[PDB]
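Have a look at the structure below, then the notes.
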Protein chains: 4
Amino acid sequence: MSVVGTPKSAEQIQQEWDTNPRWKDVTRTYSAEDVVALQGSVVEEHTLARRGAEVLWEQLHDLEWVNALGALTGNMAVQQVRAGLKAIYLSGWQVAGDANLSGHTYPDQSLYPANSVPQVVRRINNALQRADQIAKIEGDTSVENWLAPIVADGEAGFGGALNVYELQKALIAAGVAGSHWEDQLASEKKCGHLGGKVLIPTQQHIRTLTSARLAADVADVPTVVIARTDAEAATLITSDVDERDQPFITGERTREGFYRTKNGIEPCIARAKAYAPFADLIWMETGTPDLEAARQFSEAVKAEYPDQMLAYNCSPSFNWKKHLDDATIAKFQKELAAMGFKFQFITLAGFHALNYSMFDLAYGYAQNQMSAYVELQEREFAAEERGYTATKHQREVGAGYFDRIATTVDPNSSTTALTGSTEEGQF
Amino acid sequence: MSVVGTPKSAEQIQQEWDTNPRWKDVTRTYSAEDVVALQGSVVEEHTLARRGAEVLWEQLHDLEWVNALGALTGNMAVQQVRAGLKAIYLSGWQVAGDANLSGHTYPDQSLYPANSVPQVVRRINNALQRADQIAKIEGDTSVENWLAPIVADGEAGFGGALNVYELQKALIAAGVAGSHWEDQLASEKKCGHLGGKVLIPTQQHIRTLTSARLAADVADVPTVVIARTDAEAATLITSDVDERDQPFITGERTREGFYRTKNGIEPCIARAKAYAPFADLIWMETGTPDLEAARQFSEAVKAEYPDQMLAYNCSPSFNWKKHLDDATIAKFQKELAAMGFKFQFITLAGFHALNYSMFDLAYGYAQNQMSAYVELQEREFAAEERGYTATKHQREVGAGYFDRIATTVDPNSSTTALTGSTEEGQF
Amino acid sequence: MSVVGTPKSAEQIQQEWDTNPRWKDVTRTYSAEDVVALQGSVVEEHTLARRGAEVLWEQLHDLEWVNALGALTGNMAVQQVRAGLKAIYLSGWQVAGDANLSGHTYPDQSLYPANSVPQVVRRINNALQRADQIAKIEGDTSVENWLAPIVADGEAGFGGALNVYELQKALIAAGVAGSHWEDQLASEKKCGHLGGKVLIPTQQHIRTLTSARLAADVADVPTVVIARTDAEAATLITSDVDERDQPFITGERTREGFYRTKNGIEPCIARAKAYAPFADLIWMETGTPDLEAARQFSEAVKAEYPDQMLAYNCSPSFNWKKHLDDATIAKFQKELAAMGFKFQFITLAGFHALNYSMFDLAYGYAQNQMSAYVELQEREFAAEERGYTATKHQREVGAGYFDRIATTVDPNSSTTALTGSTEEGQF
Amino acid sequence: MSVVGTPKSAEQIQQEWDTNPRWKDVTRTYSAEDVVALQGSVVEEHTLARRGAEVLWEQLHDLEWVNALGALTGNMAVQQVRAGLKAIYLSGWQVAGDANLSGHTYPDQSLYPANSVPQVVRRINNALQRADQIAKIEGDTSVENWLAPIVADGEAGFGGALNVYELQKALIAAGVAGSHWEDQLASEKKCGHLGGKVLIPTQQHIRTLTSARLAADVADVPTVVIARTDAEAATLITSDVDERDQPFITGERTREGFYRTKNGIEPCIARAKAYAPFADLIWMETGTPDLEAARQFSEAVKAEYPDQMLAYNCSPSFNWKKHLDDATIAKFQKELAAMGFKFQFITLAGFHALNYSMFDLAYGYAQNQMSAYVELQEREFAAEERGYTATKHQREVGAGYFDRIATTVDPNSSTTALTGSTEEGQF
Ligand SMILES: O=C(O)[C@H]1O[C@H]1C(=O)O
Ligand SMILES: O=C(O)[C@H]1O[C@H]1C(=O)O
Ligand SMILES: O=C(O)[C@H]1O[C@H]1C(=O)O
Ligand SMILES: O=C(O)[C@H]1O[C@H]1C(=O)O
Ligand SMILES: [Mg+2]
Ligand SMILES: [Mg+2]
Ligand SMILES: [Mg+2]
Ligand SMILES: [Mg+2]
Ligand SMILES: [Mg+2]
Ligand SMILES: [Mg+2]
Ligand SMILES: [Mg+2]
Ligand SMILES: [Mg+2]
């Protein structure tokens, strides 16, 4: 038929695994032939997932650290990149609360449809692509890379290893650069800072990490895979079958059949070492923002895996000034980066920016009507000297770009949008 | 074999039209038998559409005026109601830019899939329902009506009279309280403050308004129908067939076959009078925020229809302080209300609050990391004095409500969320 | 501030539970006050869910039995009702294979997004409503109830008790009449006639049935709830915690931590009795179509619960003539109905009709081009004698109904559809 | 900072347009530089759209003709390819009737959301990819190309040139091989065999075709572009502005402002000649299946454009045997192929096979219960001689494929599906 999309040979894939530094200290318990057997006759190219994963991997080794904020709409991600950030964090918590395919508001318990995060990945890429298109026709070189890598939340995989596989494949189709996977029971999943967490056995999470690598290999992209452990706070586990988990099992049960288990940094360090051959970064959820506890985790893991990169949640679930003074707050990310936490992110930044800014505006509007909105518009005009552009909302969503399409199709069109607009006249 | 959902008889429907004050001075050019003929054997009840439309109609007569801000996410609408607003505005522009079913960023040109605004209507109602559920279990009586009426953008109907009908039907199924319809050609639709607008004949828009009323009648709900005219700025019209449009026709035609027409307040007043028997409120798009021009329009329409209520777009496409001083800005909505503009709204409030707040946070985060986020969290804490609740984000999205479901199913559950959470421990 | 959608009092709900025969021998382990506490301030009416559940309950008592075929498209359901069937079966297997929101073809292992079956419930109700609308304007009274009740697949709930709750709520919002729930581990769900099945403890499935009943009570509809057991073939269970399951536990363990258990009719009878207070119908999956085995199950359950209705899967996963002669096949459903199997259904009837009919057509088309299609068209003409109407495909999908809408809006319209069509001129 | 997805230079694009025989006699009224200006900094690869369009173009030149049947589900397309067909036809009519994103049943009047056909394109490609994956692990070599090219319905563009552009881009993203575009007014669109059709001016449709080619060029794929004319039956046109349309105008205008126009083969030939530089295939809708009318059209177009390929709708809206005898039906497609109709398709084959097969099964089921289903199952067993495989429904939807994923992840899994299935035991 065609050679478009012809799959590589097993020999070619193996040679890449053997020689490319990307795969240094990456364990695959399946074979190159196993991957080829799953690829059918044609392999779709995933341009944005390949580019994003390559850019992310290089940034993790070139920059002092890579930091990000949670984004739940496309416009949110556009502003993060315009303001200088070099990666986007896609929070599952935020999707549950305000951006999932059921249309409902949910707490962070894997309640929403499992294709919700992939749809938001695709949306963010679409929004960044439009900003890129607009910058090109405008001659705007201020942003070097509009297509910042997206790191997205895989939660606990919404089921078994096959649900993990399908979620990873959908995230890649949408253009994700990295995805993270946590060792909780999917049916009882929680935000790391909620109670009632139930762990699964160490080997079951290795199965999840293997399945996420397998889906990326079958899709022929070098996706960044992140392992997260919830063992710092969880006091339940589903089974005592894994000998690595038994040192923490107390022998108590629950009515549901769960096993009580002893939480803290020790099972976290043990699990992280077990996950390390199967993860590009490792992340330990913590109960407080504590540089000393982060140091103990980092040093214990790197005692055995010196080159293992780590990730850290700078969570809005912490009351920051109840825990830390302003000087420690200001140095927090820089100190973490020196310990090897190379990916750092504020999970719920978008939820809090969106909810606070609308409450603040709506409250003033309820009291004083247009005066409250004008105060916001003036702050927007003032932000232009910092690089803000969305004051001109028509060009910001592509009115000029679609004007260019329109005049390319018909240079004599009587119905283009920007000429004669109030944006042209008053902005 | 049931009486659930049995339709009314034509006589009952006619009797309501003849006697209910809601229908005073409402023209229906079809009959009550026509409505019944289209209803099949079962009529679904649309509870939120019925309640919303009833509340909106009463508020339009009981309050000095009803105002609103554009909302493009569910959380946005929740904060608007929490802050004291009594209606939600659903902007088609914002849906094009950041919340439509294609996943793309679009300018305001009817480019997105035609069921996008109904999906956002349903989302907003779901989010308000969750806020109401949470308030009930928390004993929070501070908000009297969580289910604020939604007024939504029907654009130019996405085609002909049948496309209008299906869009109105879908908005009602989603729970809309009112919808607005503009006299533009759908294939060339623009934001009212963009150039290149093409009007359709006066009688064609009467057909659109009739189709919107018919869909509401067949759905058995008293939806508020709003007519918008774009004739202040539009210099093209599709045809000269309507004698009411011929005074403004110059005879010149474009190469597309459009007719050039004389724009301004005069065609607006003529079209408003023609639309008045077919609309609960009438809205003129304007190029500037000008109280004197609004009075000229109001007095001209009320000279023939003294009881006709009007709507006004307090548009972010205006540069407010370039046109008006601070005292005029402060009184702007109050003065419009005295002229009969009983529904007033800031279309793109959500776009600007969302884009500005994320730019500001991300810019600070790029420079100072955690310091910038703590400034926001501290402002959130301070806003609790004003009624803000989203600092406790877990309860805000229903963690406590779903805990109550879990303990209702199984009072001995070991996996509830709020007990043990950092929110309980630190907030 | 309106009375539309006001919730009932707990006293009203309790009086209905205590005295309505619908709730005879129905156990609820939560209270009427618990239901009111979860309902917020407004309860949406679910007309089609209410009517469908009421019609299904009456049919299960008035007809000798209720039978159905699996439907995966709206047109499929329309033809089932046109042909005289009185219920529709919505198979999750078929949704996985050809009608789910991921767009992918899946085997029956709970891989698709959890809102997929609700979306198909809504589609089927929409399609039946259109057939009803067309019949009314055509004066066609040949079908007494176009809105046949839909029984839909809730699989294993896609997680924990809260995932069950949300799926049931969404099925109800879409208009379902009944739903079924199986005692399998969601993360390892299988078609009942696949291998590798894992049971959950008896009490965990009671929790699922309680959650399904609770969602229906909060939504204020009398949804028919069906409990399915997979214990005839399953040899694994997640835990031995439940004393009712311990008699069948063999003591042997897998590497994942599962427990081997003795399968067969004995644990099915035990689980059926435990589920009976929580289910309107009970369904045991079987490995062969066997009237003797069905009699043994029915008599053992009715020995304790004489009035308990049962459901039976006449599965296409059986090779029917390999097991039964033509006389037994002919009387199979009638004999089951006399044992108390009041709901009987062919799960995969839609998959097999669709796949076989297109293979047959396309094979003949590949050889003989138009001759193959004309043979189908002539069979369709011949079927009009049994009441088939889809030969006239324009009116079948509502061309005449939308013509009636168009001429209600504008009786003098020049652009109606059926006048001048080839359907009007050639059929 | 990556080279992944780097766009081509304008010089490279121009050299391909100038020298590649794919673009012989293809007029582009915009420039190579215009295309580059719209591509941003990264161009996504569209593997399936590129491969499909390349295979379609070579098949149109290599085969005596390419024929297809309308498919509205993924399984339908799989059976068409299994049966030996080399292309899939994606009917907008069928999507309107039973497979669109509103969930409603619609007549063929551009009522459904504009992204509905792209979603079905993606679905069909997903289903063909699964059949390909299954075939590979089964060693099944009986089908040479599972990824048959998809030709999809663009209707009248759902608006203006920009709506056309976005629909073409979405079809390509989904993997389409070719798309067709008709010269009707979008707001009044009809099936070609319904009444009430309104034409747009000849130059307006050239704009549509130019926009469709532009979107394919910006997406860097050689999509096959098909132009359809509805002038055989339409008696209305929006405007007389175009001098090529003026010979058929009568001068009369309707109350809506439409011009009356003389329909027939003569305006179809005129429009085909004007469309030919902008279309890879040309299609004239006809009122009857008439081989001499097709020869008149083909000879008139090819006299001026000798190499112009044509397409023909073998429509189920024709009553075939009241127009033609069996001998003519049998040679119909072969005779058309000799005239240059190289793509021929039965638009509504899927609707009719689906509706008839379920009516036939359900009618028999209502009378005879399981005997009627067993008749179908036995017809499926008999069709295995011809290559039918879906009787084994578990492997048909990928139970064996996902078993292979599962044992690749964990070779000792206790929970694989096919082992212990009734399919393995009774089939
Ligand atoms: O920061 C948080 O608390 C939320 O992001 C969720 C998590 O940590 O799991
Ligand atoms: O305020 C605006 O300019 C945008 O809302 C859109 C409109 O006016 O049509
Ligand atoms: O009948 C079948 O085999 C399929 O419907 C699925 C099940 O039984 O679970
Ligand atoms: O074949 C048909 O009649 C329908 O496919 C629609 C069209 O022709 O436009
Ligand atoms: Mg998360
Ligand atoms: Mg590692
Ligand atoms: Mg708008
Ligand atoms: Mg009025
Ligand atoms: Mg099932
Ligand atoms: Mg019972
Ligand atoms: Mg079509
Ligand atoms: Mg050509």
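Convention: chains lettered A, B, ... in structure tokens order; per-chain residue numbering from 1; ligands numbered from 1 as shown.
Selection of all polymer residues within 8 Å of ligand 9 on the basis of only C-alpha atoms and all ligand atoms gives residues 91, 92, 93, 108, 153, 154, 155, 190, 191 and 192 of chain C.
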Among segment 188-299 of chain C, which ones does DSSP place in helix (DSSP H, G or I), written as a PDB file with N, CA and C atoms, in the first residue's frame?
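Output file out.pdb is given in full below:
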```pdb
ATOM      1  N   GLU C 188     -11.110  -5.423  37.203  1.00  0.00           N
ATOM      2  CA  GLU C 188     -10.908  -6.656  36.452  1.00  0.00           C
ATOM      3  C   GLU C 188     -12.198  -7.145  35.785  1.00  0.00           C
ATOM      4  N   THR C 202     -19.691 -10.458  49.305  1.00  0.00           N
ATOM      5  CA  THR C 202     -21.145 -10.291  49.322  1.00  0.00           C
ATOM      6  C   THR C 202     -21.562  -8.930  49.876  1.00  0.00           C
ATOM      7  N   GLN C 203     -20.978  -8.505  51.003  1.00  0.00           N
ATOM      8  CA  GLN C 203     -21.401  -7.227  51.583  1.00  0.00           C
ATOM      9  C   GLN C 203     -21.027  -6.039  50.700  1.00  0.00           C
ATOM     10  N   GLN C 204     -19.912  -6.124  49.963  1.00  0.00           N
ATOM     11  CA  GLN C 204     -19.563  -5.031  49.058  1.00  0.00           C
ATOM     12  C   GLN C 204     -20.596  -4.879  47.942  1.00  0.00           C
ATOM     13  N   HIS C 205     -21.179  -5.979  47.451  1.00  0.00           N
ATOM     14  CA  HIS C 205     -22.221  -5.815  46.433  1.00  0.00           C
ATOM     15  C   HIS C 205     -23.517  -5.296  47.032  1.00  0.00           C
ATOM     16  N   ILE C 206     -23.812  -5.648  48.283  1.00  0.00           N
ATOM     17  CA  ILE C 206     -24.957  -5.034  48.948  1.00  0.00           C
ATOM     18  C   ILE C 206     -24.752  -3.525  49.051  1.00  0.00           C
ATOM     19  N   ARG C 207     -23.516  -3.094  49.317  1.00  0.00           N
ATOM     20  CA  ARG C 207     -23.219  -1.664  49.327  1.00  0.00           C
ATOM     21  C   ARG C 207     -23.502  -1.032  47.967  1.00  0.00           C
ATOM     22  N   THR C 208     -23.099  -1.698  46.886  1.00  0.00           N
ATOM     23  CA  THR C 208     -23.387  -1.206  45.539  1.00  0.00           C
ATOM     24  C   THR C 208     -24.887  -1.088  45.289  1.00  0.00           C
ATOM     25  N   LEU C 209     -25.651  -2.117  45.657  1.00  0.00           N
ATOM     26  CA  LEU C 209     -27.095  -2.063  45.440  1.00  0.00           C
ATOM     27  C   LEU C 209     -27.738  -0.984  46.297  1.00  0.00           C
ATOM     28  N   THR C 210     -27.210  -0.774  47.507  1.00  0.00           N
ATOM     29  CA  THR C 210     -27.714   0.282  48.377  1.00  0.00           C
ATOM     30  C   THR C 210     -27.435   1.653  47.786  1.00  0.00           C
ATOM     31  N   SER C 211     -26.237   1.831  47.217  1.00  0.00           N
ATOM     32  CA  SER C 211     -25.889   3.095  46.574  1.00  0.00           C
ATOM     33  C   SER C 211     -26.759   3.354  45.343  1.00  0.00           C
ATOM     34  N   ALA C 212     -27.013   2.322  44.525  1.00  0.00           N
ATOM     35  CA  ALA C 212     -27.913   2.476  43.381  1.00  0.00           C
ATOM     36  C   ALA C 212     -29.327   2.856  43.821  1.00  0.00           C
ATOM     37  N   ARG C 213     -29.849   2.202  44.864  1.00  0.00           N
ATOM     38  CA  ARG C 213     -31.169   2.593  45.367  1.00  0.00           C
ATOM     39  C   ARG C 213     -31.150   4.020  45.910  1.00  0.00           C
ATOM     40  N   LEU C 214     -30.065   4.407  46.597  1.00  0.00           N
ATOM     41  CA  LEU C 214     -29.995   5.747  47.178  1.00  0.00           C
ATOM     42  C   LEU C 214     -29.999   6.827  46.101  1.00  0.00           C
ATOM     43  N   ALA C 215     -29.229   6.632  45.021  1.00  0.00           N
ATOM     44  CA  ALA C 215     -29.236   7.616  43.938  1.00  0.00           C
ATOM     45  C   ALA C 215     -30.635   7.767  43.348  1.00  0.00           C
ATOM     46  N   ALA C 216     -31.364   6.663  43.198  1.00  0.00           N
ATOM     47  CA  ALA C 216     -32.721   6.765  42.668  1.00  0.00           C
ATOM     48  C   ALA C 216     -33.649   7.498  43.643  1.00  0.00           C
ATOM     49  N   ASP C 217     -33.494   7.264  44.951  1.00  0.00           N
ATOM     50  CA  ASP C 217     -34.318   7.979  45.928  1.00  0.00           C
ATOM     51  C   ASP C 217     -34.011   9.475  45.939  1.00  0.00           C
ATOM     52  N   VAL C 218     -32.727   9.846  45.888  1.00  0.00           N
ATOM     53  CA  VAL C 218     -32.367  11.264  45.873  1.00  0.00           C
ATOM     54  C   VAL C 218     -32.901  11.938  44.607  1.00  0.00           C
ATOM     55  N   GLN C 246     -16.939 -17.280  53.005  1.00  0.00           N
ATOM     56  CA  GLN C 246     -15.916 -18.197  53.489  1.00  0.00           C
ATOM     57  C   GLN C 246     -16.199 -19.676  53.215  1.00  0.00           C
ATOM     58  N   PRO C 247     -17.445 -20.168  53.164  1.00  0.00           N
ATOM     59  CA  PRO C 247     -17.630 -21.594  52.842  1.00  0.00           C
ATOM     60  C   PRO C 247     -17.042 -22.021  51.513  1.00  0.00           C
ATOM     61  N   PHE C 248     -16.879 -21.109  50.552  1.00  0.00           N
ATOM     62  CA  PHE C 248     -16.389 -21.478  49.224  1.00  0.00           C
ATOM     63  C   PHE C 248     -14.909 -21.160  49.014  1.00  0.00           C
ATOM     64  N   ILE C 265     -23.528 -23.325  41.040  1.00  0.00           N
ATOM     65  CA  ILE C 265     -24.845 -22.805  41.387  1.00  0.00           C
ATOM     66  C   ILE C 265     -24.953 -22.507  42.880  1.00  0.00           C
ATOM     67  N   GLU C 266     -24.173 -23.189  43.723  1.00  0.00           N
ATOM     68  CA  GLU C 266     -24.319 -23.000  45.170  1.00  0.00           C
ATOM     69  C   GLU C 266     -23.968 -21.591  45.641  1.00  0.00           C
ATOM     70  N   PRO C 267     -22.821 -20.998  45.283  1.00  0.00           N
ATOM     71  CA  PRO C 267     -22.588 -19.602  45.692  1.00  0.00           C
ATOM     72  C   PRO C 267     -23.516 -18.606  45.010  1.00  0.00           C
ATOM     73  N   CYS C 268     -24.074 -18.944  43.840  1.00  0.00           N
ATOM     74  CA  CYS C 268     -25.057 -18.068  43.208  1.00  0.00           C
ATOM     75  C   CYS C 268     -26.344 -18.009  44.016  1.00  0.00           C
ATOM     76  N   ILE C 269     -26.829 -19.169  44.464  1.00  0.00           N
ATOM     77  CA  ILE C 269     -28.037 -19.206  45.286  1.00  0.00           C
ATOM     78  C   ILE C 269     -27.813 -18.438  46.584  1.00  0.00           C
ATOM     79  N   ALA C 270     -26.656 -18.647  47.220  1.00  0.00           N
ATOM     80  CA  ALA C 270     -26.333 -17.946  48.459  1.00  0.00           C
ATOM     81  C   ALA C 270     -26.324 -16.437  48.253  1.00  0.00           C
ATOM     82  N   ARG C 271     -25.609 -15.977  47.223  1.00  0.00           N
ATOM     83  CA  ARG C 271     -25.533 -14.547  46.953  1.00  0.00           C
ATOM     84  C   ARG C 271     -26.891 -13.987  46.536  1.00  0.00           C
ATOM     85  N   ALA C 272     -27.654 -14.732  45.725  1.00  0.00           N
ATOM     86  CA  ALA C 272     -28.996 -14.283  45.356  1.00  0.00           C
ATOM     87  C   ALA C 272     -29.858 -14.010  46.587  1.00  0.00           C
ATOM     88  N   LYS C 273     -29.815 -14.908  47.579  1.00  0.00           N
ATOM     89  CA  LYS C 273     -30.607 -14.710  48.793  1.00  0.00           C
ATOM     90  C   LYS C 273     -30.141 -13.491  49.570  1.00  0.00           C
ATOM     91  N   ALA C 274     -28.822 -13.264  49.626  1.00  0.00           N
ATOM     92  CA  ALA C 274     -28.295 -12.093  50.313  1.00  0.00           C
ATOM     93  C   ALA C 274     -28.661 -10.802  49.590  1.00  0.00           C
ATOM     94  N   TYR C 275     -28.724 -10.830  48.250  1.00  0.00           N
ATOM     95  CA  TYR C 275     -29.064  -9.638  47.474  1.00  0.00           C
ATOM     96  C   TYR C 275     -30.558  -9.375  47.409  1.00  0.00           C
ATOM     97  N   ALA C 276     -31.392 -10.388  47.664  1.00  0.00           N
ATOM     98  CA  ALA C 276     -32.822 -10.251  47.384  1.00  0.00           C
ATOM     99  C   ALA C 276     -33.481  -9.066  48.079  1.00  0.00           C
ATOM    100  N   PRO C 277     -33.175  -8.736  49.341  1.00  0.00           N
ATOM    101  CA  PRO C 277     -33.812  -7.557  49.959  1.00  0.00           C
ATOM    102  C   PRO C 277     -33.419  -6.243  49.313  1.00  0.00           C
ATOM    103  N   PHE C 278     -32.396  -6.246  48.460  1.00  0.00           N
ATOM    104  CA  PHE C 278     -31.834  -5.030  47.886  1.00  0.00           C
ATOM    105  C   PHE C 278     -32.012  -4.963  46.375  1.00  0.00           C
ATOM    106  N   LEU C 291     -32.424 -25.229  30.903  1.00  0.00           N
ATOM    107  CA  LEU C 291     -33.667 -25.003  31.646  1.00  0.00           C
ATOM    108  C   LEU C 291     -33.661 -25.712  32.999  1.00  0.00           C
ATOM    109  N   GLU C 292     -33.025 -26.884  33.079  1.00  0.00           N
ATOM    110  CA  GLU C 292     -32.908 -27.593  34.351  1.00  0.00           C
ATOM    111  C   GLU C 292     -32.157 -26.755  35.382  1.00  0.00           C
ATOM    112  N   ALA C 293     -31.006 -26.206  34.988  1.00  0.00           N
ATOM    113  CA  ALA C 293     -30.203 -25.390  35.890  1.00  0.00           C
ATOM    114  C   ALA C 293     -30.942 -24.129  36.311  1.00  0.00           C
ATOM    115  N   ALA C 294     -31.665 -23.503  35.376  1.00  0.00           N
ATOM    116  CA  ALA C 294     -32.476 -22.340  35.723  1.00  0.00           C
ATOM    117  C   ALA C 294     -33.563 -22.706  36.728  1.00  0.00           C
ATOM    118  N   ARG C 295     -34.186 -23.875  36.556  1.00  0.00           N
ATOM    119  CA  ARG C 295     -35.216 -24.298  37.500  1.00  0.00           C
ATOM    120  C   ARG C 295     -34.639 -24.497  38.894  1.00  0.00           C
ATOM    121  N   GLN C 296     -33.441 -25.089  38.982  1.00  0.00           N
ATOM    122  CA  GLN C 296     -32.813 -25.329  40.277  1.00  0.00           C
ATOM    123  C   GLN C 296     -32.497 -24.018  40.988  1.00  0.00           C
ATOM    124  N   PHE C 297     -32.009 -23.021  40.239  1.00  0.00           N
ATOM    125  CA  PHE C 297     -31.725 -21.707  40.810  1.00  0.00           C
ATOM    126  C   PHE C 297     -33.005 -21.015  41.263  1.00  0.00           C
ATOM    127  N   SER C 298     -34.036 -21.026  40.407  1.00  0.00           N
ATOM    128  CA  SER C 298     -35.283 -20.328  40.711  1.00  0.00           C
ATOM    129  C   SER C 298     -35.973 -20.930  41.933  1.00  0.00           C
ATOM    130  N   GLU C 299     -36.043 -22.258  41.993  1.00  0.00           N
ATOM    131  CA  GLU C 299     -36.724 -22.907  43.108  1.00  0.00           C
ATOM    132  C   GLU C 299     -35.993 -22.661  44.419  1.00  0.00           C
TER     133      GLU C 299
END
```
**OP:** Could you list, as a count of residues only, the residues of chain B having an atom within 10 Å of chain D when counting only C-alpha atoms?
**Re:** 42
Using only C-alpha atoms, which protein or nucleic acid residues come within 8 Å of residue 264 of chain A? Drop anything in the same chain fewer than 6 positions from it, and give the result as a tab-separated table (two decimals) with C-alpha atoms, in the first residue's frame.
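Written out: result-v5.tsv:
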```tsv
chain	number	residue	atom	x	y	z
A	231	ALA	CA	2.56	6.19	51.61
A	232	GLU	CA	3.43	9.17	53.83
A	233	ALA	CA	-0.19	9.54	55.03
```
Hey, what's within 10 Å of segment 54-57 of chain A if we count only C-alpha atoms and toss same-chain stuff fewer than 4 positions away? As a JSON list (two decimals) with C-alpha atoms, in the first residue's frame, please?
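Output (result_34.json):
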```
[["chain", "number", "residue", "atom", "x", "y", "z"],
["A", 22, "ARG", "CA", 17.34, 8.70, 27.21],
["A", 48, "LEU", "CA", 3.14, 17.15, 19.91],
["A", 49, "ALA", "CA", 3.72, 14.24, 22.31],
["A", 50, "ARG", "CA", 7.14, 13.53, 20.78],
["A", 61, "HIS", "CA", 18.82, 18.39, 32.40],
["A", 62, "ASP", "CA", 19.59, 21.96, 31.24],
["A", 66, "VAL", "CA", 11.48, 23.17, 35.76],
["A", 86, "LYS", "CA", 8.41, 26.58, 30.45],
["A", 87, "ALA", "CA", 6.00, 23.74, 31.35],
["A", 145, "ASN", "CA", 8.57, 28.11, 22.72],
["A", 147, "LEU", "CA", 4.41, 24.62, 22.85],
["A", 148, "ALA", "CA", 5.53, 24.15, 26.44],
["A", 149, "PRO", "CA", 5.56, 20.52, 27.61],
["A", 150, "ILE", "CA", 2.43, 19.32, 29.43],
["A", 151, "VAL", "CA", 2.76, 17.05, 32.48],
["A", 177, "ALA", "CA", 4.85, 15.27, 27.36],
["A", 178, "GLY", "CA", 4.75, 13.47, 30.71],
["A", 221, "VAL", "CA", 7.15, 8.36, 21.79],
["A", 222, "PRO", "CA", 9.62, 8.91, 24.68],
["A", 223, "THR", "CA", 7.01, 10.09, 27.23],
["A", 224, "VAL", "CA", 8.31, 11.15, 30.66],
["A", 280, "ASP", "CA", 11.90, 9.00, 35.11],
["A", 343, "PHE", "CA", 10.03, 19.27, 38.50],
["D", 1, "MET", "CA", 14.12, 24.18, 20.78],
["D", 2, "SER", "CA", 13.33, 21.03, 18.75],
["D", 4, "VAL", "CA", 10.21, 17.91, 15.45]]
```
**OP:** Find the spatial neighbours of segment 305-319 of chain D, counting only C-alpha atoms, within a cut-off of 9 Å - ignore same-chain residues fewer than 4 positions away - and output them as an NGL selection string.
**Re:** (:C and (370 or 373-374 or 377 or 391-394 or 422-423 or 426-427)) or (:D and (60 or 193 or 226 or 228 or 273 or 276 or 279-289 or 294 or 298-301 or 323 or 333 or 336 or 339-349 or 352))
**OP:** Could you give me the residues within segment 104-244 of chain B that DSSP places in strand (DSSP E), as a PyMOL selection string?
**Re:** chain B and resi 150-153+178-182+198-199+224-229+236-237
Subject >> Interatomic distance, atom CA of residue 372 of chain C to atom CA of residue 363 of chain D (Å, one decimal) >> reply: 23.1 Å
**OP:** Can you pull out every residue within 12 Å of residue 144 of chain B, counting only C-alpha atoms, but drop anything in the same chain fewer than 2 positions away, and send it as number ranges by chain?
**Re:** B: 81-86, 131-132, 135-136, 140-142, 146-148; C: 1-2, 41
Subject >> 9 Å contact set for residue 3 of chain A, only C-alpha atoms, chain neighbours under 2 positions out, as a PyMOL selection string >> reply: (chain A and resi 1+5-6+42) or (chain D and resi 51)
Subject >> Which residue of B:58, B:194, B:365, B:169 approaches residue 416 of chain A most closely, using only C-alpha atoms >> reply: B:194
